[PDB]
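Novice: Dropping the structure in here first, questions after.
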Amino acid sequence: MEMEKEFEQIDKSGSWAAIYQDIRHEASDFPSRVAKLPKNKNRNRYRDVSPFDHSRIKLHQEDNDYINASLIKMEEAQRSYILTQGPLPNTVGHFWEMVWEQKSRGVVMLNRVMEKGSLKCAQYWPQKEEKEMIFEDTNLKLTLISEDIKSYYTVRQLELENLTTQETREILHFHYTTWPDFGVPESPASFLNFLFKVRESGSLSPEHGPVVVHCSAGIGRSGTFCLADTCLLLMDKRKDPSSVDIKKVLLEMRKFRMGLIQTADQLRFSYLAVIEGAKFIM
Ligand SMILES: CC(=O)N1C[C@@H](CO)[C@@H]2Oc3c(F)cccc3[C@@H]21
Ligand SMILES: CC(=O)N1C[C@@H](CO)[C@@H]2Oc3c(F)cccc3[C@@H]21
């Protein structure tokens with residue numbers, strides 16, 4: 001079926017939970033043996049969210065190459081994304097090592113450091129220009145260059161230096177700061193505006209390594225971001241945009257990381273975002 005009318009048909013019939021459970025039943029199951037090794041317990045935020053072995057990002061290290069991160073490669077859309085958990089106190093250096101090694105231009109953050117009165121990820125970037133951060137375990141230096149605070153999101157320019165080689169690179173930090181502590185946003189308008197700002201920066205384009213996207217677990221809000229982006233790109237590329245099937249795209253993405261889209265409300269919000277977005281594109 002088309003999307004907008006399939007949407008109203010699920011609303012009128014109140015069957016979002018059944019649709020979402022079908023997706024959960026059909027989703028791929030691949031091994032994640034490296035994630036479950038005992039030496040990696042303090043590298044995982046949640047015991048039930050792990051990268052598959054076949055698609056995990058490897059750190060360029062011989063001691064321990066493990067990080068909780070996955071490469072999502074969308075062949076028809078010609079887009080790639082790295083989805084990862086919010087960094088932990090003992091993985092902030094690994095996180096920036098990955099950004100460096102994978103040649104990423106942008107980092108997309110969809111959570112606040114504290115939500116619901118608990119810490120959802122480490123404070124992994126510097127908050128003042130004159131107070132830079134050094135990660136001694138991976139030999140990197142990170143400096144805040146500029147910060148632009150807007151009503152729904154903040155954009156930061158960061159400098160990442162590989163202290164071994166003295167090479168430097170400019171990284172863009174796109175921080176969506178207004179996702180509610182509970183539920184999903186009422187309108188997708190600010191989330192779509194944010195997606196378009198990431199696109200306009202070059203961070204999603206083939207001349208760079210894959211964008212790094214995270215929330216707390218790296219599957220819920222993070223899944224919504226890449227699902228909406230890929231669906232909109234396919235609607236622009238194809239002769240028949242009504243042939244884009246958001247459930248089929250989500251199942252393709254779940255071949256590369258488990259659990260993408262965590263609730264039926266997140267599924268409904270993803271439909272809403274693609275529907276409204278397709279009108280603005282034209
Ligand atoms: C700020 C600015 O003028 N530029 C030039 C643009 C390419 O010509 C870059 O896009 C961004 C951006 F999205 C955020 C931050 C800085 C930049 C760069
Ligand atoms: C700002 C911008 O470029 N965009 C792209 C649209 C998707 O094509 C987004 O959704 C809306 C919208 F509904 C109203 C207003 C601006 C937007 C966003």
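Ligands are numbered from 1 in the order shown, residues from 1 within each chain, and chains are lettered A, B, ... in the order they appear in the structure tokens.
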From a backbone DSSP assignment, name each residue in stretch 73-241 of chain A labelled strand (DSSP E), as an MDAnalysis selection string.

Specialist: chainID A and resid 73:74 79:84 106:109 114:115 118:119 133:135 140:149 153:162 167:176 211:214

Novice: Take the residues from that selection and write them out as a short mmCIF file (atom, residue, chain, number, x, y, z; two decimals), in the first residue's frame, keeping N, CA and C atoms.

Specialist:
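Final output, saved to part25.cif:
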data_model
loop_
_atom_site.label_atom_id
_atom_site.label_comp_id
_atom_site.auth_asym_id
_atom_site.auth_seq_id
_atom_site.Cartn_x
_atom_site.Cartn_y
_atom_site.Cartn_z
N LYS A 73 24.78 -0.19 5.84
CA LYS A 73 25.10 0.14 4.46
C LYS A 73 23.87 -0.06 3.57
N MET A 74 23.27 1.05 3.06
CA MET A 74 22.03 1.00 2.29
C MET A 74 22.39 1.08 0.79
N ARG A 79 23.74 5.32 0.72
CA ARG A 79 24.05 6.00 1.99
C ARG A 79 24.57 4.97 2.97
N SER A 80 25.55 5.36 3.78
CA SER A 80 26.01 4.55 4.92
C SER A 80 25.95 5.38 6.21
N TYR A 81 25.68 4.69 7.33
CA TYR A 81 25.62 5.30 8.66
C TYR A 81 26.35 4.40 9.65
N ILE A 82 27.03 4.99 10.65
CA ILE A 82 27.48 4.23 11.80
C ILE A 82 26.54 4.56 12.96
N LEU A 83 25.87 3.54 13.52
CA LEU A 83 25.02 3.72 14.70
C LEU A 83 25.72 3.14 15.93
N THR A 84 25.78 3.95 17.01
CA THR A 84 26.53 3.56 18.21
C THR A 84 25.79 4.04 19.47
N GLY A 106 30.86 14.21 10.46
CA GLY A 106 29.84 14.65 11.40
C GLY A 106 29.50 13.61 12.45
N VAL A 107 29.09 14.10 13.63
CA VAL A 107 28.51 13.30 14.72
C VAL A 107 27.12 13.86 15.00
N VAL A 108 26.10 12.99 15.01
CA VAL A 108 24.70 13.34 15.27
C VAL A 108 24.31 12.77 16.65
N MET A 109 23.94 13.65 17.59
CA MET A 109 23.56 13.30 18.97
C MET A 109 22.09 13.63 19.20
N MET A 114 21.91 14.23 30.60
CA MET A 114 21.01 13.76 31.65
C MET A 114 19.56 13.82 31.17
N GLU A 115 18.85 12.69 31.31
CA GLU A 115 17.40 12.63 31.04
C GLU A 115 16.75 11.80 32.15
N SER A 118 18.85 10.76 35.27
CA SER A 118 19.94 9.78 35.23
C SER A 118 20.86 10.10 34.05
N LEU A 119 22.10 9.64 34.13
CA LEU A 119 23.05 9.92 33.07
C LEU A 119 22.82 8.97 31.89
N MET A 133 40.22 18.76 25.63
CA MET A 133 40.23 17.42 26.20
C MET A 133 41.33 16.60 25.53
N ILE A 134 42.05 15.82 26.34
CA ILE A 134 43.05 14.89 25.84
C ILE A 134 42.63 13.48 26.26
N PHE A 135 42.63 12.55 25.30
CA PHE A 135 42.28 11.15 25.53
C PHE A 135 43.60 10.38 25.45
N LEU A 140 44.57 11.27 21.31
CA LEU A 140 43.82 12.26 20.55
C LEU A 140 43.56 13.49 21.43
N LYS A 141 43.50 14.64 20.77
CA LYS A 141 43.14 15.91 21.40
C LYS A 141 41.93 16.51 20.70
N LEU A 142 41.01 17.06 21.48
CA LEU A 142 39.73 17.56 20.98
C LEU A 142 39.48 18.96 21.54
N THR A 143 39.27 19.93 20.65
CA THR A 143 39.07 21.35 21.01
C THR A 143 37.76 21.88 20.46
N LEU A 144 37.02 22.61 21.30
CA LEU A 144 35.82 23.32 20.86
C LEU A 144 36.23 24.59 20.10
N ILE A 145 35.77 24.73 18.86
CA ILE A 145 36.12 25.87 17.98
C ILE A 145 35.03 26.93 17.98
N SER A 146 33.76 26.53 17.93
CA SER A 146 32.62 27.43 17.93
C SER A 146 31.39 26.62 18.25
N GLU A 147 30.33 27.34 18.65
CA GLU A 147 29.07 26.75 19.10
C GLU A 147 27.95 27.69 18.68
N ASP A 148 26.90 27.15 18.05
CA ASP A 148 25.72 27.93 17.65
C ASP A 148 24.47 27.29 18.26
N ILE A 149 23.87 27.94 19.26
CA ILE A 149 22.72 27.40 20.00
C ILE A 149 21.42 27.94 19.42
N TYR A 153 18.06 22.75 18.44
CA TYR A 153 19.32 22.03 18.31
C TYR A 153 20.48 23.01 18.40
N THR A 154 21.66 22.45 18.64
CA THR A 154 22.93 23.16 18.71
C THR A 154 23.91 22.52 17.72
N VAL A 155 24.65 23.34 16.98
CA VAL A 155 25.75 22.89 16.11
C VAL A 155 27.08 23.39 16.65
N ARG A 156 28.03 22.48 16.77
CA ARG A 156 29.38 22.80 17.21
C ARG A 156 30.42 22.44 16.16
N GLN A 157 31.42 23.29 16.03
CA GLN A 157 32.63 22.97 15.29
C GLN A 157 33.70 22.52 16.27
N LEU A 158 34.29 21.34 16.02
CA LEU A 158 35.32 20.73 16.84
C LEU A 158 36.58 20.45 16.01
N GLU A 159 37.76 20.53 16.64
CA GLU A 159 39.02 20.13 16.00
C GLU A 159 39.52 18.86 16.68
N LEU A 160 39.73 17.81 15.90
CA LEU A 160 40.29 16.56 16.38
C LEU A 160 41.71 16.42 15.85
N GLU A 161 42.68 16.26 16.76
CA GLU A 161 44.08 16.11 16.41
C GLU A 161 44.58 14.73 16.79
N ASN A 162 45.16 14.04 15.82
CA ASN A 162 45.88 12.80 16.09
C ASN A 162 47.27 13.17 16.58
N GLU A 167 48.38 15.40 12.54
CA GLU A 167 47.29 15.73 11.63
C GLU A 167 46.08 16.23 12.41
N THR A 168 45.34 17.15 11.79
CA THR A 168 44.10 17.70 12.35
C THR A 168 42.94 17.58 11.36
N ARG A 169 41.72 17.52 11.90
CA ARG A 169 40.51 17.51 11.09
C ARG A 169 39.39 18.26 11.79
N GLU A 170 38.53 18.88 11.00
CA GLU A 170 37.33 19.55 11.49
C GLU A 170 36.15 18.58 11.53
N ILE A 171 35.55 18.41 12.71
CA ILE A 171 34.35 17.58 12.92
C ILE A 171 33.17 18.48 13.28
N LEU A 172 32.02 18.24 12.67
CA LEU A 172 30.78 18.93 13.01
C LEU A 172 29.92 18.10 13.97
N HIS A 173 29.50 18.71 15.08
CA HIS A 173 28.63 18.06 16.09
C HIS A 173 27.22 18.63 15.99
N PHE A 174 26.26 17.80 15.55
CA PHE A 174 24.86 18.17 15.42
C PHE A 174 24.06 17.57 16.57
N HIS A 175 23.59 18.43 17.49
CA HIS A 175 22.97 18.01 18.74
C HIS A 175 21.50 18.41 18.79
N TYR A 176 20.60 17.44 18.61
CA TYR A 176 19.17 17.66 18.75
C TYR A 176 18.83 17.60 20.24
N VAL A 211 28.64 9.14 8.56
CA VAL A 211 28.22 9.88 9.75
C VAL A 211 28.11 8.93 10.95
N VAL A 212 28.48 9.41 12.14
CA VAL A 212 28.29 8.67 13.39
C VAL A 212 27.03 9.18 14.09
N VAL A 213 26.02 8.32 14.32
CA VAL A 213 24.78 8.76 14.96
C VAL A 213 24.54 7.96 16.25
N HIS A 214 24.16 8.67 17.32
CA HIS A 214 23.91 8.00 18.60
C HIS A 214 22.79 8.67 19.42
#

Novice: Just list as a ChimeraX atom specification whatever in stretch 9-161 of chain A DSSP marks as helix (DSSP H, G or I).

Specialist: /A:9-13,16-26,38-43,53-55,92-101

Novice: May I have the selected residues written with N, CA, C and O atoms, as a CSV table (one decimal), in the first residue's frame?

Specialist:
chain,number,residue,atom,x,y,z
A,9,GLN,N,-5.2,4.2,7.8
A,9,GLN,CA,-5.8,2.9,8.0
A,9,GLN,C,-5.3,2.3,9.3
A,9,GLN,O,-6.1,1.6,10.0
A,10,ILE,N,-4.0,2.5,9.7
A,10,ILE,CA,-3.6,2.0,11.0
A,10,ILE,C,-4.1,2.8,12.1
A,10,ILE,O,-4.4,2.3,13.2
A,11,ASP,N,-4.2,4.1,11.9
A,11,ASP,CA,-4.7,5.0,13.0
A,11,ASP,C,-6.2,4.6,13.2
A,11,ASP,O,-6.6,4.4,14.4
A,12,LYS,N,-7.0,4.6,12.2
A,12,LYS,CA,-8.4,4.3,12.4
A,12,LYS,C,-8.7,2.9,13.0
A,12,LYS,O,-9.6,2.8,13.8
A,13,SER,N,-7.8,2.0,12.7
A,13,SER,CA,-8.0,0.6,13.2
A,13,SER,C,-7.1,0.4,14.5
A,13,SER,O,-7.2,-0.7,15.1
A,16,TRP,N,-1.2,-0.2,15.6
A,16,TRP,CA,0.2,0.1,15.6
A,16,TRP,C,1.0,-0.9,16.3
A,16,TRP,O,2.1,-1.4,15.9
A,17,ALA,N,0.5,-1.4,17.5
A,17,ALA,CA,1.2,-2.4,18.3
A,17,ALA,C,1.3,-3.7,17.5
A,17,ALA,O,2.4,-4.4,17.6
A,18,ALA,N,0.3,-4.1,16.7
A,18,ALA,CA,0.4,-5.3,16.0
A,18,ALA,C,1.3,-5.2,14.8
A,18,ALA,O,2.1,-6.2,14.5
A,19,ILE,N,1.3,-4.1,14.1
A,19,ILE,CA,2.3,-3.9,13.0
A,19,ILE,C,3.7,-4.0,13.5
A,19,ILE,O,4.6,-4.6,13.0
A,20,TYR,N,4.0,-3.3,14.7
A,20,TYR,CA,5.3,-3.2,15.2
A,20,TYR,C,5.8,-4.6,15.7
A,20,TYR,O,6.9,-5.0,15.4
A,21,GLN,N,4.9,-5.4,16.3
A,21,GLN,CA,5.2,-6.7,16.7
A,21,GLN,C,5.6,-7.6,15.5
A,21,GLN,O,6.4,-8.5,15.7
A,22,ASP,N,4.9,-7.5,14.4
A,22,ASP,CA,5.2,-8.2,13.2
A,22,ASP,C,6.7,-7.9,12.8
A,22,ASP,O,7.4,-8.9,12.5
A,23,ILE,N,7.1,-6.7,12.8
A,23,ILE,CA,8.4,-6.3,12.5
A,23,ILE,C,9.4,-7.0,13.4
A,23,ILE,O,10.4,-7.6,13.0
A,24,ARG,N,9.1,-7.0,14.7
A,24,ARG,CA,10.0,-7.6,15.7
A,24,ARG,C,10.1,-9.1,15.4
A,24,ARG,O,11.2,-9.7,15.5
A,25,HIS,N,9.0,-9.8,14.9
A,25,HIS,CA,9.0,-11.2,14.7
A,25,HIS,C,9.9,-11.6,13.5
A,25,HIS,O,10.5,-12.6,13.4
A,26,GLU,N,9.8,-10.7,12.4
A,26,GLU,CA,10.5,-11.0,11.2
A,26,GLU,C,11.9,-10.5,11.1
A,26,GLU,O,12.7,-10.9,10.2
A,38,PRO,N,33.8,-11.7,28.1
A,38,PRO,CA,33.8,-11.1,29.4
A,38,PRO,C,34.7,-9.8,29.4
A,38,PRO,O,34.4,-8.9,30.2
A,39,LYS,N,35.8,-9.8,28.6
A,39,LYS,CA,36.6,-8.6,28.7
A,39,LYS,C,35.9,-7.3,28.1
A,39,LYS,O,36.5,-6.2,28.3
A,40,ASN,N,34.7,-7.5,27.5
A,40,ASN,CA,34.1,-6.3,26.9
A,40,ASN,C,32.9,-5.8,27.8
A,40,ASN,O,32.1,-5.0,27.3
A,41,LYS,N,32.7,-6.4,29.0
A,41,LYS,CA,31.5,-6.0,29.7
A,41,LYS,C,31.4,-4.5,30.0
A,41,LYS,O,30.3,-4.0,29.9
A,42,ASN,N,32.5,-3.9,30.4
A,42,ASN,CA,32.4,-2.5,30.7
A,42,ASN,C,32.5,-1.6,29.4
A,42,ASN,O,32.6,-0.4,29.5
A,43,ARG,N,32.4,-2.2,28.2
A,43,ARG,CA,32.3,-1.5,26.9
A,43,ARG,C,30.9,-1.4,26.4
A,43,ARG,O,30.6,-0.8,25.4
A,53,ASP,N,28.3,-9.4,14.9
A,53,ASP,CA,29.7,-9.6,14.4
A,53,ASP,C,29.9,-9.2,13.0
A,53,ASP,O,31.0,-8.6,12.6
A,54,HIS,N,29.0,-9.5,12.1
A,54,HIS,CA,29.3,-9.3,10.6
A,54,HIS,C,29.4,-7.8,10.2
A,54,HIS,O,30.0,-7.5,9.2
A,55,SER,N,28.8,-6.9,11.0
A,55,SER,CA,28.7,-5.5,10.7
A,55,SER,C,29.3,-4.6,11.7
A,55,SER,O,29.2,-3.3,11.6
A,92,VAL,N,35.1,6.9,25.9
A,92,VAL,CA,35.1,8.1,25.2
A,92,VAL,C,36.4,8.2,24.3
A,92,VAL,O,36.3,8.7,23.2
A,93,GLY,N,37.5,7.6,24.7
A,93,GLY,CA,38.6,7.6,23.8
A,93,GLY,C,38.4,6.7,22.6
A,93,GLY,O,38.9,7.0,21.5
A,94,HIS,N,37.8,5.5,22.8
A,94,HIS,CA,37.5,4.6,21.7
A,94,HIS,C,36.5,5.3,20.7
A,94,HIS,O,36.7,5.1,19.5
A,95,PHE,N,35.6,6.0,21.2
A,95,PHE,CA,34.6,6.8,20.4
A,95,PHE,C,35.3,7.7,19.4
A,95,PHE,O,35.0,7.7,18.2
A,96,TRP,N,36.2,8.6,19.9
A,96,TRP,CA,36.9,9.5,19.0
A,96,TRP,C,37.9,8.8,18.1
A,96,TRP,O,38.2,9.2,17.0
A,97,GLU,N,38.5,7.7,18.6
A,97,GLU,CA,39.4,6.8,17.7
A,97,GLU,C,38.6,6.4,16.5
A,97,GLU,O,39.1,6.4,15.4
A,98,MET,N,37.3,5.9,16.7
A,98,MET,CA,36.5,5.4,15.6
A,98,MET,C,36.2,6.6,14.6
A,98,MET,O,36.3,6.4,13.4
A,99,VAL,N,35.8,7.8,15.1
A,99,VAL,CA,35.5,8.9,14.3
A,99,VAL,C,36.8,9.2,13.4
A,99,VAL,O,36.6,9.4,12.2
A,100,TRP,N,38.0,9.2,13.9
A,100,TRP,CA,39.2,9.4,13.2
A,100,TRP,C,39.4,8.3,12.2
A,100,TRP,O,39.7,8.6,11.0
A,101,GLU,N,39.4,7.1,12.6
A,101,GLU,CA,39.8,6.0,11.7
A,101,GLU,C,38.8,5.8,10.5
A,101,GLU,O,39.2,5.4,9.4

Novice: Taking into account only C-alpha atoms and all ligand atoms, which residue in the set A:229, A:130, A:136, A:65 is nearest to ligand 2?

Specialist: A:229

Novice: Could you list, as a PyMOL selection string, all the residues within 9 Å of ligand 2, counting only C-alpha atoms and all ligand atoms?

Specialist: chain A and resi 187-197+200+232+273-282

Novice: Need to verify the contact set: residue A:72, 12 Å, only C-alpha atoms, exclusion of same-chain residues closer than 3 positions in sequence. Can you return it as a PyMOL selection string?

Specialist: chain A and resi 51-52+54-57+69+75+77-84+210-213+219+222-223+226-227+230+249-258+260

Novice: So how far away is atom CA of residue A:112 from atom 4 (N, counted along the ligand's line) of ligand 1, in Å?

Specialist: 25.4 Å

Novice: Using only C-alpha atoms, which residues sit within 10 Å of residue A:86 once same-chain residues fewer than 4 positions away are excluded, as an mmCIF file with N, CA, C and O atoms, in the first residue's frame?

Specialist:
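around.cif, freshly written:
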data_model
loop_
_atom_site.group_PDB
_atom_site.id
_atom_site.type_symbol
_atom_site.label_atom_id
_atom_site.label_comp_id
_atom_site.auth_asym_id
_atom_site.auth_seq_id
_atom_site.Cartn_x
_atom_site.Cartn_y
_atom_site.Cartn_z
ATOM 1 N N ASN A 44 29.906 -2.058 27.085
ATOM 2 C CA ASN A 44 28.501 -2.089 26.696
ATOM 3 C C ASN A 44 27.632 -1.402 27.742
ATOM 4 O O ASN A 44 27.710 -1.712 28.936
ATOM 5 N N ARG A 45 26.776 -0.486 27.290
ATOM 6 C CA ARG A 45 25.878 0.208 28.201
ATOM 7 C C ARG A 45 24.721 -0.678 28.641
ATOM 8 O O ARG A 45 24.329 -0.645 29.814
ATOM 9 N N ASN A 68 30.911 -0.841 20.745
ATOM 10 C CA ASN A 68 29.484 -1.069 20.481
ATOM 11 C C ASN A 68 29.014 -0.081 19.414
ATOM 12 O O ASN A 68 28.475 0.993 19.708
ATOM 13 N N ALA A 69 29.204 -0.475 18.152
ATOM 14 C CA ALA A 69 28.910 0.334 16.971
ATOM 15 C C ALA A 69 28.747 -0.591 15.764
ATOM 16 O O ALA A 69 29.484 -1.569 15.626
ATOM 17 N N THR A 91 34.826 4.481 27.489
ATOM 18 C CA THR A 91 34.890 4.379 26.021
ATOM 19 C C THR A 91 34.908 5.712 25.261
ATOM 20 O O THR A 91 34.895 5.699 24.017
ATOM 21 N N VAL A 92 35.085 6.855 25.943
ATOM 22 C CA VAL A 92 35.139 8.123 25.208
ATOM 23 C C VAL A 92 36.352 8.173 24.281
ATOM 24 O O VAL A 92 36.281 8.721 23.177
ATOM 25 N N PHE A 95 35.552 6.045 21.205
ATOM 26 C CA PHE A 95 34.602 6.766 20.352
ATOM 27 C C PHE A 95 35.314 7.708 19.368
ATOM 28 O O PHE A 95 35.039 7.699 18.155
ATOM 29 N N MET A 109 23.940 13.653 17.590
ATOM 30 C CA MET A 109 23.562 13.296 18.966
ATOM 31 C C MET A 109 22.087 13.634 19.200
ATOM 32 O O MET A 109 21.670 14.777 18.976
ATOM 33 N N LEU A 110 21.290 12.634 19.595
ATOM 34 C CA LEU A 110 19.833 12.787 19.693
ATOM 35 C C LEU A 110 19.305 12.738 21.136
ATOM 36 O O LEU A 110 18.083 12.702 21.346
ATOM 37 N N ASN A 111 20.192 12.760 22.123
ATOM 38 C CA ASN A 111 19.829 12.715 23.544
ATOM 39 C C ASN A 111 20.517 13.858 24.280
ATOM 40 O O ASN A 111 21.426 14.502 23.769
ATOM 41 N N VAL A 113 22.670 14.721 27.905
ATOM 42 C CA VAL A 113 23.568 13.989 28.794
ATOM 43 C C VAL A 113 22.818 13.439 30.021
ATOM 44 O O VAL A 113 23.045 12.292 30.428
ATOM 45 N N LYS A 120 22.635 9.539 30.701
ATOM 46 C CA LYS A 120 22.411 8.763 29.480
ATOM 47 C C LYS A 120 23.651 8.626 28.599
ATOM 48 O O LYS A 120 23.654 7.772 27.686
ATOM 49 N N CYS A 121 24.662 9.483 28.779
ATOM 50 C CA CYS A 121 25.977 9.294 28.168
ATOM 51 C C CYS A 121 26.972 10.250 28.818
ATOM 52 O O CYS A 121 26.598 11.139 29.585
ATOM 53 N N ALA A 122 28.245 9.965 28.602
ATOM 54 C CA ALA A 122 29.319 10.764 29.184
ATOM 55 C C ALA A 122 29.370 12.157 28.538
ATOM 56 O O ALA A 122 28.961 12.338 27.398
ATOM 57 N N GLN A 123 29.938 13.132 29.265
ATOM 58 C CA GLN A 123 30.220 14.451 28.674
ATOM 59 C C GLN A 123 31.494 14.306 27.848
ATOM 60 O O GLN A 123 32.607 14.472 28.355
ATOM 61 N N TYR A 124 31.354 13.968 26.555
ATOM 62 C CA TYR A 124 32.485 13.492 25.764
ATOM 63 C C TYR A 124 33.091 14.550 24.844
ATOM 64 O O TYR A 124 34.000 14.229 24.058
ATOM 65 N N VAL A 213 26.020 8.318 14.317
ATOM 66 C CA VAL A 213 24.781 8.759 14.965
ATOM 67 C C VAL A 213 24.537 7.956 16.253
ATOM 68 O O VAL A 213 24.799 6.738 16.332
ATOM 69 N N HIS A 214 24.156 8.667 17.321
ATOM 70 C CA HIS A 214 23.905 8.004 18.601
ATOM 71 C C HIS A 214 22.792 8.674 19.416
ATOM 72 O O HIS A 214 22.458 9.860 19.247
ATOM 73 N N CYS A 215 22.223 7.866 20.300
ATOM 74 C CA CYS A 215 21.359 8.334 21.380
ATOM 75 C C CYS A 215 21.879 7.660 22.652
ATOM 76 O O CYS A 215 23.096 7.616 22.835
ATOM 77 N N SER A 216 21.038 7.106 23.535
ATOM 78 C CA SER A 216 21.615 6.372 24.669
ATOM 79 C C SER A 216 22.014 4.943 24.271
ATOM 80 O O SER A 216 23.180 4.571 24.403
ATOM 81 N N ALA A 217 21.083 4.157 23.710
ATOM 82 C CA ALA A 217 21.428 2.796 23.264
ATOM 83 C C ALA A 217 21.860 2.721 21.804
ATOM 84 O O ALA A 217 22.473 1.719 21.404
ATOM 85 N N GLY A 218 21.583 3.750 21.014
ATOM 86 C CA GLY A 218 21.897 3.746 19.587
ATOM 87 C C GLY A 218 20.986 2.904 18.702
ATOM 88 O O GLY A 218 21.455 2.410 17.670
#

Novice: Between A:262, A:47, A:204, A:235, which is the closest to ligand 1 once you count only C-alpha atoms and all ligand atoms?

Specialist: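 Checking each candidate against ligand 1, we get A:204 as the closest.
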
Novice: Hey, which of A:163, A:36, A:46, A:7 ends up closest to residue A:267? Count only C-alpha atoms.

Specialist: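 Among A:163, A:36, A:46, A:7, it is A:7 that comes nearest to residue A:267.
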
Novice: Have a look at A:3, A:139, A:32, A:202 and name the one nearest to ligand 1; count only C-alpha atoms and all ligand atoms.

Specialist: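 Among A:3, A:139, A:32, A:202, it is A:202 that comes nearest to ligand 1.
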
Novice: As an exercise, work out the distance from atom CA of residue A:181 to atom CA of residue A:221 in Å and give it to one decimal place.

Specialist: 11.8 Å
